[PDB]
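Student: As they're listed, the protein sequences go chains A and B.
Per my numbering, the first sequence starts with residue 172, numbered consecutively.
Per my numbering, the second sequence starts with residue 172, numbered consecutively.
Think of the CB as a built atom: it goes at the ideal place given N, C-alpha and C, for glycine as much as any other residue.
There are 2 protein chains.
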Amino acid sequence: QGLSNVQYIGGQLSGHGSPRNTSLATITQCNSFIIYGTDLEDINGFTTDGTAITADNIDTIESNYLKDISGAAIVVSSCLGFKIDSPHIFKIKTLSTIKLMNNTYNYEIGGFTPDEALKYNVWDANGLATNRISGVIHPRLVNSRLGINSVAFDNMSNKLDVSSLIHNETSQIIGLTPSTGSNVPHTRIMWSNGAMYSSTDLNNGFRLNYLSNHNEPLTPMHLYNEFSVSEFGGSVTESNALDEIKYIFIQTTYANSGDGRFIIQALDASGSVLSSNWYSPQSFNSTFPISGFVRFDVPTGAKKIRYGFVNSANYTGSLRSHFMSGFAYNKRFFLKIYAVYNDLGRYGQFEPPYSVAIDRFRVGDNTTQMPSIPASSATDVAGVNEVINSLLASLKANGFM
Amino acid sequence: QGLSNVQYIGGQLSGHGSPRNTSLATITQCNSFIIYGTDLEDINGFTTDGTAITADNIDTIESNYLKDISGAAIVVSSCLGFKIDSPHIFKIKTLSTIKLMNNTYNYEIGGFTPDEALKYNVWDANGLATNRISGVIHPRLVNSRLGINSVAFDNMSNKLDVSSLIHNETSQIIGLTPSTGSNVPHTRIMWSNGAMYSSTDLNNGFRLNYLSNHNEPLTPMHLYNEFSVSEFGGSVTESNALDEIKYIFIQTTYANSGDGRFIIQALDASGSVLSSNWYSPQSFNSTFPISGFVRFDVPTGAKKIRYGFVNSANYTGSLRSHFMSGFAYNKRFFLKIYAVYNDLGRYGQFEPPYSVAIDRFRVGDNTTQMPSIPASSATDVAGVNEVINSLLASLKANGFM
Numbered sequence: 172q173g174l175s176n177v178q179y180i181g182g183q184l185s186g187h188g189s190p191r192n193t194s195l196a197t198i199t200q201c202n203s204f205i206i207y208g209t210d211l212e213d214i215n216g217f218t219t220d221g222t223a224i225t226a227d228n229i230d231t232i233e234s235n236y237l238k239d240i241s242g243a244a245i246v247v248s249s250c251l252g253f254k255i256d257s258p259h260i261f262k263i264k265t266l267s268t269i270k271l272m273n274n275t276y277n278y279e280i281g282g283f284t285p286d287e288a289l290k291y292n293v294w295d296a297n298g299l300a301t302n303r304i305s306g307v308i309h310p311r312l313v314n315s316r317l318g319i320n321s322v323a324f325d326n327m328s329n330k331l332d333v334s335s336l337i338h339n340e341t342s343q344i345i346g347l348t349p350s351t352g353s354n355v356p357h358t359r360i361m362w363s364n365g366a367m368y369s370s371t372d373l374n375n376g377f378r379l380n381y382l383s384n385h386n387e388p389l390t391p392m393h394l395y396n397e398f399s400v401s402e403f404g405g406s407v408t409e410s411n412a413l414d415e416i417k418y419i420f421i422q423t424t425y426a427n428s429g430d431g432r433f434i435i436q437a438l439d440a441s442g443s444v445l446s447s448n449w450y451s452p453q454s455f456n457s458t459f460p461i462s463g464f465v466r467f468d469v470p471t472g473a474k475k476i477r478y479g480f481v482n483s484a485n486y487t488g489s490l491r492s493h494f495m496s497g498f499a500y501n502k503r504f505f506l507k508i509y510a511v512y513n514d515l516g517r518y519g520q521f522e523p524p525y526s527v528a529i530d531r532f533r534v535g536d537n538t539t540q541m542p543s544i545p546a547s548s549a550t551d552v553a554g555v556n557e558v559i560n561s562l563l564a565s566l567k568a569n570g571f572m
Numbered sequence: 172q173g174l175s176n177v178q179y180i181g182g183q184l185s186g187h188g189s190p191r192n193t194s195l196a197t198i199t200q201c202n203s204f205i206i207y208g209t210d211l212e213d214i215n216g217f218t219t220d221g222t223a224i225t226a227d228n229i230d231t232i233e234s235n236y237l238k239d240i241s242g243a244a245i246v247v248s249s250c251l252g253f254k255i256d257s258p259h260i261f262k263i264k265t266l267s268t269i270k271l272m273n274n275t276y277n278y279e280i281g282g283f284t285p286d287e288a289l290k291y292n293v294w295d296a297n298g299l300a301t302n303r304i305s306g307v308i309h310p311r312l313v314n315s316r317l318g319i320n321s322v323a324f325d326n327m328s329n330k331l332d333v334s335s336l337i338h339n340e341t342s343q344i345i346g347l348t349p350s351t352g353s354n355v356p357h358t359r360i361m362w363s364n365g366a367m368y369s370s371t372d373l374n375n376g377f378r379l380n381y382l383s384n385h386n387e388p389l390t391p392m393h394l395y396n397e398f399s400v401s402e403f404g405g406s407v408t409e410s411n412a413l414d415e416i417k418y419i420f421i422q423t424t425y426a427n428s429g430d431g432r433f434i435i436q437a438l439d440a441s442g443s444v445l446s447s448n449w450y451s452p453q454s455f456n457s458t459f460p461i462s463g464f465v466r467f468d469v470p471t472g473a474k475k476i477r478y479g480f481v482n483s484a485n486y487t488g489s490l491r492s493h494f495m496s497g498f499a500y501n502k503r504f505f506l507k508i509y510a511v512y513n514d515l516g517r518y519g520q521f522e523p524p525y526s527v528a529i530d531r532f533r534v535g536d537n538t539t540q541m542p543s544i545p546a547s548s549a550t551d552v553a554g555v556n557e558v559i560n561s562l563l564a565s566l567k568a569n570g571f572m
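1. B:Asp210 to B:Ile269, Cα distance in whole Å?
2. Terminal residues of the continuous alpha helix (DSSP H) containing A:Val444?
3. Should the segment 194–208 of chain B be called in touch with the segment 561–571 of chain A, which here means at least 3 C-beta pairs below 8 Å?
4. Can you list, in chain order, the residues of its chain whose CB lies under 7 Å from that of B:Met361, leaving out five sequence neighbours each side?
5. Does DSSP classify A:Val247 as helix, strand or coil?
6. List the endpoints of the continuous beta strand (DSSP E) containing B:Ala510.
7. Between which two residues does the beta strand (DSSP E) containing B:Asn228 stretch?
8. Looking at A:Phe498: is its Cβ nearer than 8 Å to the Cβ of A:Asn354?
9. According to DSSP, is A:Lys238 helix, strand or coil?
10. At the 8 Å Cβ level, is A:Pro523 part of the contact set with chain B, yes or no?
11. Tell me whether the beta-carbon of A:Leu312 lies closer than 8 Å to the beta-carbon of A:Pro285.
12. Spell out whether any CB of chain A is found under 8 Å from the CB atom of B:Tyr276.
13. So, does the segment 405–412 of chain A touch the segment 450–469 of chain A, judging by three or more C-beta pairs under 8 Å?
14. Could you give the residue range of the beta strand (DSSP E) that holds B:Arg466?
15. Please list, in chain order, the chain B residues whose beta carbon lies closer than 7 Å to that of A:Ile544.
16. With a cut-off of 8 Å, do at least 3 Cβ pairs link the segment 472–480 of chain B to the segment 295–309 of chain B?
17. Closer than 8 Å is the cut-off here; do at least three beta carbon pairs connect the segment 479–492 of chain B with the segment 384–401 of chain B?
18. Could you check whether B:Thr265 and B:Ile308 sit closer than 8 Å to each other, using their CB atoms as the reference points?
19. I want to verify the contact list: residues of chain A whose CB lies under 8 Å from the CB of B:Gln178, in sequence order.
20. Which residues does DSSP pair with A:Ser526 in a beta bridge?
21. For B:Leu347, collect the residues of the same chain with a Cβ closer than 8 Å to its Cβ; drop the 5 residues on either side in sequence, then sort them by chain order.
22. So, for B:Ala226: in the same chain, excluding its five sequence neighbours on each side, which residues have a beta-carbon less than 8 Å away from its beta-carbon?
23. I'd like the list of long-range same chain contacts for B:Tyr236, defined as Cβ closer than 7 Å, with 5 residues on each side in sequence excluded.
24. Who does A:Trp294 pair with in a DSSP beta bridge?
25. Exposed or buried, A:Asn485, counting other C-beta atoms within 10 Å across all chains shown (16 or more means buried)?
26. If the criterion is Cβ atoms closer than 8 Å, does the pair A:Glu397 and A:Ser363 meet it?
27. Between the beta-carbon of B:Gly431 and the beta-carbon of B:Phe521, is there less than 8 Å?
28. So the beta strand (DSSP E) A:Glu409 belongs to, where does it begin and stop?
29. Is the segment 325–343 of chain A touching the segment 498–512 of chain A in the sense that three or more CB pairs, one from each, lie closer than 8 Å?
30. Buried or exposed for A:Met272, please, with buried defined as at least 16 other CB atoms from any protein chain shown within 10 angstroms of its CB.
31. Could you have a look at A:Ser185 and say whether DSSP puts it in helix, strand or coil?
32. To be precise: take each residue of the segment 467–480 of chain A, compare its Cβ to all Cβ atoms of chain B, and keep it if any distance is under 9 Å. Which residues remain?
33. Which of helix, strand or coil does DSSP assign to B:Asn560?
34. Which of helix, strand or coil does DSSP assign to A:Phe324?
35. Using DSSP with H/G/I as helix, E/B as strand and the rest coil, what is A:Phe480?
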């Protein structure tokens with residue numbers, strides 16, 4: 172506690188003999204603590220109170236002891252310039268390997284042995300609105316059997332080394348007629364199913380239909396999308412082909428309450444639901460009070476994924492007033508979904524099409540909206556011809572040709 | 172061999188006196204081997220058999236001794252957590268500087284002195300279908316006179332720090348009429364020349380036309396694209412302007428056989444071919460059995476690049492049955508081409524156009540396909556006008572206005 176420019180080179184920290192430890196090393200209020208290849212092993216984990224950390228109660232621990240200085244092989248609190256390279260770590264019977272908290276904001280984490288703790292590899296618990304965290308995490312810790320929590324992925328500046336966006340959407344600048352604002356999407360361009368809530372005020376957003384639970388079948392009335400994953404041929408064995416997507420991180424805007432829900436489902440080849448989850452507006456709070464992330468675990472053997480927005484109470488709701496709370500926290504809606512690939516680009520990452528040699532993709536399409544031509548009633552056999560000539564002239568001038 | 176948490180700090184490893192060495196250091200079956208600034212120099216390379224590694228036979232070595240524990244200044248085999256920072260290295264007369272093999276899967280490589288070996292800087296020889304490798308390589312080793320092999324670029328998680336995509340294409344979800352499936356592109360939109368194989372089953376893919384060798388001229392019958400590089404003006408000397416692109420990396424899907432070829436050509440100002448190559452379906456096997464990468468070396472003084480698909484045997488082929496082998500390995504075709512820039516963003520990287528302030532690029536075009544209006548034969552001088560009014564109404568409603 173209270174040190175600066177500390178180097179721990181080589182050496183070892185181990186709990187041989189099963190003593191009761193909150194952590195192997197606890198670091199608080201230091202500036203630049205650096206660990207070079209130290210050997211870490213054999214912890215028998217407890218919380219600061221004295222509660223044992225086992226598998227059976229692991230989830231309980233993560234809810235009730237988030238702010239505790241405990242729960243990891245190395246606990247880091249209020250440390251500037253933390254850094255650990257890639258040592259061998261094993262036999263970790265606590266919740267995580269590294270825990271970060273209390274405005275530890277420029278850390279850097281090398282690739283140590285993955286999947287040794289009980290729940291995560293890196294557990295980030297930084298939680299104050301005025302902090303600006305930005306860390307660097309080795310990519311092989313993220314696509315592993317345990318991975319990192321949603322807040323660590325929020326704060327990981329190099330997140331595009333393991334993932335790509337499979338959905339990116341934001342609201343327009345200029346509202347469409349008719350509307351009273353431009354805080355949400357005004358069309359259903361990004362979605363295969365569902366509808367807009369109301370055609371007289373498009374600024375109410377999407378329509379949210381009732382669904383009793385997150386594992387129920389979705390219908391064409393609901394707002395949702397579907398895509399298929401891990402499509403290998405008949406001459407490939409599944410033991411060799413592997414799984415295409417390991418985790419999915421969803422980011423969207425925060426609100427203090429609401430009955431609307433973001434829902435995600437992983438389904439097998441014959442339509443059956445393998446796993447599923449939904450999330451409420453106040454779950455999206457890793458970067459309170461604006462936005463946040465949540466994590467979905469894709470089970471092995473999934474063939475399709477469905478994602479969307481629904482209503483958890485029995486009536487037809489609106490994105491504006493049942494997910495965004497009347498824009499009390501955010502004035503611009505956005506939705507980004509990141510796919511973490513099981514193996515970097517084995518199946519080819521998803522991203523927008525492009526070609527440096529094709530002008531349609533290199534610069535875009537130069538067509539413009541045509542000026543409004545009034546419907547014509549001229550019946551002397553040439554007013555119709557003049558209108559046709561006007562329409563053809565507009566088509567030629569506006570790019571459609 | 173068989174160690175864990177090994178640190179080699181400072182020091183030196185050198186072959187002064189020309190002893191016969193397979194490597195300077197050999198590491199096998201270790202966990203966390205870390206090298207901090209060690210001085211490596213002067214190796215006289217041999218293989219494990221006893222074959223001298225010279226320039227004259229270098230290519231032969233890379234084919235026949237890929238699985239040998241030899242051929243580099245540092246050879247790493249089955250090591251977790253390998254790490255080397257940036258020491259000075261010189262006089263490396265063997266194939267590569269670092270060689271990685273046998274499921275070394277979370278490595279990290281700093282920027283040591285580039286271009287000291289005979290063929291590569293980093294040589295990745297990991298080759299098992301069930302491994303998931305993900306490494307971090309300093310960017311300055313990739314755009315150097317030797318660079319890294321295709322497999323290392325495959326496994327390099329930070330590959331978007333040195334390159335950008337100049338072609339990215341994948342197959343649609345819903346097939347177009349008429350087709351028997353949706354495993355390949357159904358349109359020729361991304362391509363300037365060539366045609367689809369058949370108009371009665373679009374799921375046969377592109378048409379592949381005959382080409383006798385990869386250095387022959389391409390015609391408008393062949394499926395190919397062209398773009399120009401390194402466009403400096405009259406007041407710039409070429410010794411100052413330099414070269415825009417250096418190593419071009421292509422991945423696409425694997426298949427066990429086929430006569431189709433992916434072809435690439437670098438051409439000088441007056442249309443002449445400076446260099447060229449083509450690749451078979453089974454060349455794309457760095458991530459067997461799904462996809463893989465190959466590398467093309469752009470010669471200095473190139474002014475244009477052409478890339479595309481052709482047939483190496485004298486008859487007209489199809490992408491489905493002569494490059495993808497009837498979808499025996501992949502159900503989803505894709506093609507990504509990565510340009511490694513000679514000097515970062517000096518000439519401006521290529522990527523799709525965008526503007527946060529323009530709604531056409533911020534959210535997309537809201538136009539929708541019009542409902543089918545049947546051809547009309549009404550000749551009393553007003554049925555034609557009713558049809559025109561219907562067409563104008565559809566145009567106004569569908570966004571064209």
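Tutor: Concretely, from the data shown:
1. 14 Å
2. Looking at the DSSP string, A:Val444 is not in any alpha helix (DSSP H); the run it does join, the beta strand (DSSP E), is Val444 to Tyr450.
3. no
4. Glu340
5. strand
6. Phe505 to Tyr512
7. Note, B:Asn228: premise wrong, no beta strand (DSSP E); not H, not E.
8. yes
9. coil
10. yes
11. yes
12. yes
13. no
14. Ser462 to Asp468
15. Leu563
16. no
17. yes
18. no
19. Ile180, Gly181, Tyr207 and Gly208
20. B:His338
21. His357, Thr358 and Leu373
22. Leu289
23. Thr218 and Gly242
24. A:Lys270
25. exposed
26. yes
27. no
28. Per DSSP, A:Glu409 belongs to no beta strand (DSSP E); it is in the alpha helix (DSSP H), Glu409 to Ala412.
29. yes
30. buried
31. strand
32. none
33. helix
34. helix
35. strand
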